[PDB]
Amino acid sequence: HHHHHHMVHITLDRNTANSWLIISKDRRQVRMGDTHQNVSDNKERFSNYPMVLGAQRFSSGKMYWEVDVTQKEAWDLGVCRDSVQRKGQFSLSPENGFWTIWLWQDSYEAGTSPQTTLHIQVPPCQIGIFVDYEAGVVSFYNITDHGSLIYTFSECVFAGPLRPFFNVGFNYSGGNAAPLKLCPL
Ligand SMILES: O=C(CN1CCCC1=O)Nc1nccs1
Ligand SMILES: O=C(CN1CCCC1=O)Nc1nccs1
């Protein structure tokens, strides 16, 4: 792809984080802590899952960023509406305001309803995410495999400002402690 020149500097919004997450000083990395991280509750925090938003909001244009997923067993990545539900249980779907892919139990899937199987021959260590607001497109690229396409959501109905979306996943296995990292431009 030739989307690299729309690169944007994403940082994580601490106030949206689940209370067990640890965000680095530079706001470019996030991992699951082994306990509550001693923050106050607020209406922005994702309560049920290890999720956090980017601080940036997008309502126009083309945007691109990259995320490092090295050595993780489970994660979700993409974009979501600013107005997505934060509390309680929900599914990741465009009807609920999410345009995402994930890794879970050694398979990759797109967050459609129901979920869609992805076909990835080279397990990615870094994911590229491209949003074209006007076109209604969210695309995912395998940086480890020469930028090969993973998935495209089209005819998207964003219906509001978009935020970068992250889920570091639970660590029940002891094998999913590694962080998500926003990669340098
Ligand atoms: O999105 C905005 C402002 N907007 C709209 C168009 C571009 C821009 O910068 N403000 C919000 N405040 C709280 C929720 S969204
Ligand atoms: O779901 C959509 C479009 N829609 C319908 C409801 C909200 C929204 O964004 N596009 C897809 N592209 C690939 C698989 S689903």
# chains A, B, ... in the order shown; residues from 1 in each chain; ligands from 1
$ residues_near_ligand --ligand "ligand 1" --cutoff "12 Å" --atoms "only C-alpha atoms and all ligand atoms" --output "PyMOL selection string"
chain A and resi 44+55-61+81-84+133+159-163
$ closest_atom_pairs --of "chain A" --to "ligand 2" --cutoff "7 Å" --atoms "only C-alpha atoms and all ligand atoms" --output "CSV"
residue,atom,partner,partner_atom_place_in_ligand_line,distance
A:94,CA,ligand 2,7 (C),4.5
A:95,CA,ligand 2,6 (C),4.8
A:112,CA,ligand 2,15 (S),5.6
A:152,CA,ligand 2,13 (C),6.1
A:153,CA,ligand 2,12 (N),3.4
A:154,CA,ligand 2,12 (N),4.2
A:155,CA,ligand 2,3 (C),4.8
A:156,CA,ligand 2,9 (O),3.3
A:157,CA,ligand 2,9 (O),4.0
A:158,CA,ligand 2,9 (O),6.1
$ residues_around --residues "residue A:74" --least-positions-apart "4" --cutoff "7 Å" --atoms "only C-alpha atoms" --output "MDAnalysis selection string"
chainID A and resid 103:104 169 176
$ closest_atom_pairs --of "stretch 91-146 of chain A" --to "stretch 77-80 of chain A" --cutoff "10 Å" --atoms "only C-alpha atoms" --output "tab-separated table"
residue	atom	partner	partner_atom	distance
A:92	CA	A:80	CA	9.3
A:93	CA	A:80	CA	9.5
A:94	CA	A:80	CA	8.5
A:96	CA	A:80	CA	8.8
A:97	CA	A:80	CA	5.4
A:98	CA	A:80	CA	4.4
A:99	CA	A:79	CA	5.4
A:100	CA	A:78	CA	4.3
A:101	CA	A:77	CA	5.7
A:102	CA	A:77	CA	6.4
A:103	CA	A:77	CA	9.2
A:110	CA	A:77	CA	9.8
A:111	CA	A:78	CA	9.5
A:127	CA	A:77	CA	8.6
A:128	CA	A:78	CA	9.5
A:129	CA	A:78	CA	6.8
A:130	CA	A:78	CA	9.0
A:131	CA	A:79	CA	8.4
A:138	CA	A:78	CA	8.1
A:139	CA	A:78	CA	8.9
A:140	CA	A:78	CA	8.2
$ write_last_selection --atoms "C-alpha atoms" --output "PDB file, in the first residue's frame"
ATOM      1  CA  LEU A  92     -17.435  -5.591  18.805  1.00  0.00           C
ATOM      2  CA  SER A  93     -19.427  -4.869  15.619  1.00  0.00           C
ATOM      3  CA  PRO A  94     -20.083  -1.946  13.272  1.00  0.00           C
ATOM      4  CA  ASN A  96     -22.210  -1.128  18.080  1.00  0.00           C
ATOM      5  CA  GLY A  97     -19.733   1.472  16.688  1.00  0.00           C
ATOM      6  CA  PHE A  98     -16.544  -0.635  16.271  1.00  0.00           C
ATOM      7  CA  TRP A  99     -14.389  -1.426  13.182  1.00  0.00           C
ATOM      8  CA  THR A 100     -11.859  -3.939  14.543  1.00  0.00           C
ATOM      9  CA  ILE A 101      -9.885  -7.166  14.015  1.00  0.00           C
ATOM     10  CA  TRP A 102      -8.533  -9.483  16.691  1.00  0.00           C
ATOM     11  CA  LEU A 103      -6.357 -12.453  17.596  1.00  0.00           C
ATOM     12  CA  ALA A 110     -12.751  -9.366  11.834  1.00  0.00           C
ATOM     13  CA  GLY A 111     -15.317  -7.888  14.251  1.00  0.00           C
ATOM     14  CA  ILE A 127      -0.443  -4.069  12.181  1.00  0.00           C
ATOM     15  CA  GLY A 128      -1.122  -0.971  10.036  1.00  0.00           C
ATOM     16  CA  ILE A 129      -4.561   0.725  10.356  1.00  0.00           C
ATOM     17  CA  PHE A 130      -5.868   3.055   7.630  1.00  0.00           C
ATOM     18  CA  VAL A 131      -9.066   5.165   7.965  1.00  0.00           C
ATOM     19  CA  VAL A 138     -11.174   1.067   7.537  1.00  0.00           C
ATOM     20  CA  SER A 139      -8.342  -1.212   6.334  1.00  0.00           C
ATOM     21  CA  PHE A 140      -5.781  -3.392   8.134  1.00  0.00           C
TER      22      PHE A 140
END
$ atom_distance --atom1 "atom CA of residue A:30" --atom2 "atom CA of residue A:90"
21.8 Å
$ residues_around --residues "residue A:10" --least-positions-apart "5" --cutoff "8 Å" --atoms "only C-alpha atoms" --output "list in words"
residues 28, 54, 55, 56, 65, 164 and 182 of chain A
$ write_last_selection --atoms "N, CA, C and O atoms" --output "mmCIF file, in the first residue's frame"
data_model
loop_
_atom_site.group_PDB
_atom_site.id
_atom_site.type_symbol
_atom_site.label_atom_id
_atom_site.label_comp_id
_atom_site.auth_asym_id
_atom_site.auth_seq_id
_atom_site.Cartn_x
_atom_site.Cartn_y
_atom_site.Cartn_z
ATOM 1 N N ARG A 28 2.525 5.937 24.677
ATOM 2 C CA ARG A 28 2.646 5.151 23.426
ATOM 3 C C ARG A 28 2.598 3.648 23.649
ATOM 4 O O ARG A 28 2.527 2.901 22.658
ATOM 5 N N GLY A 54 -7.339 5.892 21.964
ATOM 6 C CA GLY A 54 -6.458 7.032 21.639
ATOM 7 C C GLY A 54 -7.083 8.369 22.020
ATOM 8 O O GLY A 54 -8.289 8.495 22.048
ATOM 9 N N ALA A 55 -6.249 9.359 22.291
ATOM 10 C CA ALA A 55 -6.683 10.725 22.663
ATOM 11 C C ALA A 55 -7.209 11.456 21.433
ATOM 12 O O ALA A 55 -8.124 12.297 21.588
ATOM 13 N N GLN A 56 -6.722 11.085 20.258
ATOM 14 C CA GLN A 56 -7.063 11.809 19.002
ATOM 15 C C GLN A 56 -8.494 11.454 18.612
ATOM 16 O O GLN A 56 -8.977 10.314 18.847
ATOM 17 N N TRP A 65 -1.886 4.639 11.170
ATOM 18 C CA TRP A 65 -0.927 4.374 12.271
ATOM 19 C C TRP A 65 -0.580 2.884 12.310
ATOM 20 O O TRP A 65 -1.267 2.058 11.694
ATOM 21 N N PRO A 164 -9.021 6.012 17.874
ATOM 22 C CA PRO A 164 -8.235 4.771 17.849
ATOM 23 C C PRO A 164 -8.647 3.895 19.040
ATOM 24 O O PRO A 164 -8.900 4.391 20.134
ATOM 25 N N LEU A 182 2.505 1.653 20.160
ATOM 26 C CA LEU A 182 2.385 2.506 18.949
ATOM 27 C C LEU A 182 3.776 2.687 18.361
ATOM 28 O O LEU A 182 4.650 3.251 19.094
#
$ atom_distance --atom1 "atom CA of residue A:179" --atom2 "atom CA of residue A:62"
26.4 Å
$ select_by_dssp --residues "stretch 27-65 of chain A" --states "strand (DSSP E or B)" --output "PyMOL selection string"
chain A and resi 29-32+51-54+58+62-65
$ select_by_dssp --residues "stretch 16-184 of chain A" --states "helix (DSSP H, G or I)" --output "PyMOL selection string"
chain A and resi 16+94-96+143-145
$ write_last_selection --atoms "N, CA and C atoms" --output "PDB file, in the first residue's frame"
ATOM      1  N   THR A  16      -9.676   6.959  29.727  1.00  0.00           N
ATOM      2  CA  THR A  16     -10.563   5.963  29.108  1.00  0.00           C
ATOM      3  C   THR A  16     -10.165   4.543  29.490  1.00  0.00           C
ATOM      4  N   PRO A  94     -19.784  -3.273  13.799  1.00  0.00           N
ATOM      5  CA  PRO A  94     -20.083  -1.946  13.272  1.00  0.00           C
ATOM      6  C   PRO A  94     -21.423  -1.422  13.798  1.00  0.00           C
ATOM      7  N   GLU A  95     -22.400  -2.298  14.038  1.00  0.00           N
ATOM      8  CA  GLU A  95     -23.706  -1.839  14.587  1.00  0.00           C
ATOM      9  C   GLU A  95     -23.496  -1.228  15.974  1.00  0.00           C
ATOM     10  N   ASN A  96     -22.522  -1.691  16.759  1.00  0.00           N
ATOM     11  CA  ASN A  96     -22.210  -1.128  18.080  1.00  0.00           C
ATOM     12  C   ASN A  96     -21.139  -0.039  18.017  1.00  0.00           C
ATOM     13  N   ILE A 143       2.252  -5.579   8.440  1.00  0.00           N
ATOM     14  CA  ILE A 143       3.542  -4.894   8.199  1.00  0.00           C
ATOM     15  C   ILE A 143       4.643  -5.971   8.094  1.00  0.00           C
ATOM     16  N   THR A 144       4.523  -7.078   8.796  1.00  0.00           N
ATOM     17  CA  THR A 144       5.547  -8.163   8.832  1.00  0.00           C
ATOM     18  C   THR A 144       5.599  -8.805   7.440  1.00  0.00           C
ATOM     19  N   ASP A 145       4.499  -8.851   6.687  1.00  0.00           N
ATOM     20  CA  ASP A 145       4.415  -9.464   5.331  1.00  0.00           C
ATOM     21  C   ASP A 145       4.311  -8.376   4.257  1.00  0.00           C
TER      22      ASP A 145
END
$ residues_around --residues "residue A:121" --least-positions-apart "4" --cutoff "12 Å" --atoms "only C-alpha atoms" --output "list in words"
residues 107, 108, 142, 144, 145, 148, 149 and 150 of chain A
$ write_last_selection --atoms "N, CA, C and O atoms" --output "CSV table (one decimal), in the first residue's frame"
chain,number,residue,atom,x,y,z
A,107,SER,N,-6.3,-17.9,16.1
A,107,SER,CA,-7.0,-17.5,14.9
A,107,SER,C,-7.2,-16.0,14.9
A,107,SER,O,-7.5,-15.3,15.9
A,108,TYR,N,-7.2,-15.4,13.7
A,108,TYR,CA,-7.5,-14.0,13.4
A,108,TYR,C,-8.9,-13.8,12.9
A,108,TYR,O,-9.2,-14.6,12.0
A,142,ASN,N,-0.7,-6.1,7.1
A,142,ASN,CA,0.3,-6.9,7.8
A,142,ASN,C,1.7,-6.4,7.5
A,142,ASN,O,2.3,-6.6,6.4
A,144,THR,N,4.5,-7.1,8.8
A,144,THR,CA,5.5,-8.2,8.8
A,144,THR,C,5.6,-8.8,7.4
A,144,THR,O,6.7,-9.2,7.0
A,145,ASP,N,4.5,-8.9,6.7
A,145,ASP,CA,4.4,-9.5,5.3
A,145,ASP,C,4.3,-8.4,4.3
A,145,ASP,O,3.4,-8.4,3.5
A,148,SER,N,0.9,-6.5,3.3
A,148,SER,CA,-0.2,-7.2,2.6
A,148,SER,C,-1.6,-6.9,3.3
A,148,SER,O,-1.6,-6.7,4.6
A,149,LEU,N,-2.6,-6.8,2.6
A,149,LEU,CA,-4.0,-6.5,3.1
A,149,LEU,C,-4.4,-7.7,4.0
A,149,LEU,O,-4.4,-8.9,3.6
A,150,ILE,N,-5.0,-7.4,5.1
A,150,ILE,CA,-5.6,-8.3,6.0
A,150,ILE,C,-7.2,-8.2,5.9
A,150,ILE,O,-7.9,-9.2,5.8
$ closest_residue --among "A:185, A:178, A:31, A:46" --to "residue A:4" --atoms "only C-alpha atoms"
A:185
$ closest_residue --among "A:33, A:114, A:147, A:184" --to "residue A:2" --atoms "only C-alpha atoms"
A:147
$ residues_around --residues "residue A:171" --least-positions-apart "4" --cutoff "9 Å" --atoms "only C-alpha atoms" --output "ChimeraX atom specification"
/A:32,34,73-74,175-177
$ write_last_selection --atoms "N, CA and C atoms" --output "PDB file, in the first residue's frame"
ATOM      1  N   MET A  32      -1.497  -4.913  30.414  1.00  0.00           N
ATOM      2  CA  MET A  32      -2.337  -5.422  31.528  1.00  0.00           C
ATOM      3  C   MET A  32      -1.498  -5.472  32.815  1.00  0.00           C
ATOM      4  N   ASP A  34      -1.218  -6.622  36.952  1.00  0.00           N
ATOM      5  CA  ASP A  34      -1.646  -7.855  37.688  1.00  0.00           C
ATOM      6  C   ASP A  34      -2.665  -7.463  38.771  1.00  0.00           C
ATOM      7  N   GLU A  73      -0.894 -13.216  22.710  1.00  0.00           N
ATOM      8  CA  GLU A  73      -1.804 -14.314  22.390  1.00  0.00           C
ATOM      9  C   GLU A  73      -3.207 -13.817  22.057  1.00  0.00           C
ATOM     10  N   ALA A  74      -3.600 -12.616  22.490  1.00  0.00           N
ATOM     11  CA  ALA A  74      -4.947 -12.086  22.311  1.00  0.00           C
ATOM     12  C   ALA A  74      -4.887 -10.566  22.359  1.00  0.00           C
ATOM     13  N   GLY A 175       0.657 -16.036  29.355  1.00  0.00           N
ATOM     14  CA  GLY A 175       1.382 -15.857  28.095  1.00  0.00           C
ATOM     15  C   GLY A 175       0.987 -14.605  27.335  1.00  0.00           C
ATOM     16  N   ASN A 176       0.178 -13.740  27.893  1.00  0.00           N
ATOM     17  CA  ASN A 176      -0.322 -12.541  27.177  1.00  0.00           C
ATOM     18  C   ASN A 176      -0.002 -11.256  27.925  1.00  0.00           C
ATOM     19  N   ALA A 177       1.112 -11.197  28.656  1.00  0.00           N
ATOM     20  CA  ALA A 177       1.472  -9.978  29.409  1.00  0.00           C
ATOM     21  C   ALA A 177       2.056  -8.870  28.528  1.00  0.00           C
TER      22      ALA A 177
END
$ closest_residue --among "A:6, A:63, A:25, A:39" --to "residue A:132" --atoms "only C-alpha atoms"
A:63
